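Report on the following structure.
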Protein chains: 2
Amino acid sequence: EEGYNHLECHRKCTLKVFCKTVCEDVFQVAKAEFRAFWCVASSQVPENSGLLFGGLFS
Amino acid sequence: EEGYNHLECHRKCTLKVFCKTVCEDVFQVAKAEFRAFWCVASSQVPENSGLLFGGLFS
């Protein structure tokens, strides 16, 4: 989930005095499904393994 | 001077909850000049005078 933001403004004047300005700011939530996969040597005959490191950081 | 009246309304909904309705009612003043005249026998020879009453009410 992440959030995004709209910002809408309009201005209105009445009898040349009394200026009204409203500023609306809507915050909505955008969702997304992810599916993480991972490869395993299941054919038992590789030439070279590939991608020689396995350390992580968050 | 007399007064006249406008009435404006619009409705707005945000995120399907929180319905906003504003109802504005403007009262303005309309002006007018009047000039009241009155006729006088200045030729001294009428046949008949005309309009035989002179009483008023407000």
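The residue numbers of chain A are those assigned by Swiss-Prot, with the residues present covering 427-484 sequentially.
Every residue, even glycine, has its Cβ placed from backbone N, Cα and C.
Look at Swiss-Prot and you will find A:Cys435-A:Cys449, A:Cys439-A:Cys445 tagged as disulfide bond.
Structure with Swiss-Prot features highlighted.
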residue: A:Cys435; record: disulfide bond; CB count, 10 Å: 9
residue: A:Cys439; record: disulfide bond; CB count, 10 Å: 10
residue: A:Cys445; record: disulfide bond; CB count, 10 Å: 9
residue: A:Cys449; record: disulfide bond; CB count, 10 Å: 9
Rounded inter-Cα distance in Å - A:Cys449 (disulfide bond), A:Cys439 (disulfide bond): 15
Distance [Cα-Cα, Å, rounded] between A:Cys435 (disulfide bond) and A:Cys445 (disulfide bond): 13
